[PDB]
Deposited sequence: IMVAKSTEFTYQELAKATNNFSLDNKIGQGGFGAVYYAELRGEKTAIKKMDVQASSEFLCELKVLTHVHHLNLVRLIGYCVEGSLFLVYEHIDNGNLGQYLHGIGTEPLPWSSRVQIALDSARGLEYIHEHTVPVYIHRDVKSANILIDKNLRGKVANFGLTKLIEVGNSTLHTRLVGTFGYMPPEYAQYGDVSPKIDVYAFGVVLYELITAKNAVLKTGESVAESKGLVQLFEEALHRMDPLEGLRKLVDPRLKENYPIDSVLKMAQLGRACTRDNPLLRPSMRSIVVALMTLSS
């Protein structure tokens, strides 16, 4: 079969597969560029246009995206540099975790599947944080960046796009509800950004509520909601009021408590007190 990992596409090859980048092939504009669906060389792909100058530092950051290899990361099939930057990722037929949890049309995710998806996502971020030196950071961990396949397994998407945008152009970076206090207010960058954002994802798996809760014009975070649920006389009853109503009562209360306790540690104000992604993996494995 194929031994090479990435393929350098050509501009003419990408334009033909997307009808010269027509609006029909355009599947997304989630930020930092637009996304196009494409069928490239016997595979369903997703072309992500990014407007960046092709500097050597930009290419060095592009090598990090083409060299990473993990089952819990969405595969970067190829890239294209002629003109602007085009990133070709593998296509996951089922949507992201946010569409499963906060959306209707798909059957409710079983609790065991949520423990599996959380563990799958944690292993993907652990690989990012520990595979090389200096430490690399995803910088935009959120439910929409966790893709689910037909087997209900997790894959982290859009890794390194933040760094590529910043080095190519050297809210700015991040999603509301997923930013730690030291980054949202002061821009302090560290791997604890992803740990904090992951804790919110655990909160979403428990509650199926958005990171920013939907009186009006005043936002309230899901992190604050768990603070009010677990720091009360009966922490178990406060947590039971928060669990996804779609799950009904089909969940181990102790296992959901342990995941909520894990999200608490991830969402601490002091980033030094947050656990590493490695500790989160070993902690999630005791629930699976």
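Student: Where does the structure fail to cover the deposited sequence at the C-alpha level?
Tutor: Several regions go unmodelled: 171-174, 219-221, 296.
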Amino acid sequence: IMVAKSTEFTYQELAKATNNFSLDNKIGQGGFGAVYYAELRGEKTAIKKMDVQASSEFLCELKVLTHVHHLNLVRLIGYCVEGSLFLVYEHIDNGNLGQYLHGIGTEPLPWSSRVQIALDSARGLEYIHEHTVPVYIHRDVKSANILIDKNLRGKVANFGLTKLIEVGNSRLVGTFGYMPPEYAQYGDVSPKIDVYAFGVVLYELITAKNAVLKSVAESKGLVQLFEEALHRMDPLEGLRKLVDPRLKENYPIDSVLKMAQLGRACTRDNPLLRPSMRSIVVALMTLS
From here on, numbers count along this sequence of modelled residues.
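Student: Which wins on mean Cα temperature factor, 262-270 or 18-26?
Tutor: If you average the C-alpha B-factors of 262-270 and of 18-26, the larger mean comes out for 18-26.
Student: Comparing average C-alpha B factors as deposited, tell me which of 45-53 and 244-252 sits higher.
Tutor: Comparing averages over the C-alpha atoms only gives 45-53.
Student: Among the candidates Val156, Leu97, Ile128, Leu164, give the one with the maximum CA B-factor reported in the record.
Tutor: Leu164 has the highest C-alpha B-factor of those listed.
Student: Looking at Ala118, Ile92, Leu152, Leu87, which one carries the largest C-alpha B-factor according to the PDB entry?
Tutor: Reading the PDB entry, the winner on C-alpha B-factor is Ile92.
Student: Going by the recorded CA B-factors, say which third of the chain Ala283 sits in, lowest, middle or highest.
Tutor: Within its chain, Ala283 is a lowest-third residue by C-alpha B-factor, going by the deposited values.
Student: Based on the entry's values, in what third of the chain does the Cα temperature factor of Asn145 lie: lowest, middle or highest?
Tutor: Within its chain, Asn145 is a lowest-third residue by C-alpha B-factor, going by the deposited values.
Student: How does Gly105 rank on Cα B-factor within its chain, lowest, middle or highest third?
Tutor: Top third by C-alpha B-factor.
Student: Compare the C-alpha B factor of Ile137 with those of the other modelled residues in its chain, then answer lowest, middle or highest third.
Tutor: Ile137: CA B-factor falls in the lowest third of its chain.
Student: Should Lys192 be placed in the lowest, middle or highest third of its chain by the C-alpha B factor in the entry?
Tutor: Lowest third of the chain for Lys192's C-alpha B-factor.
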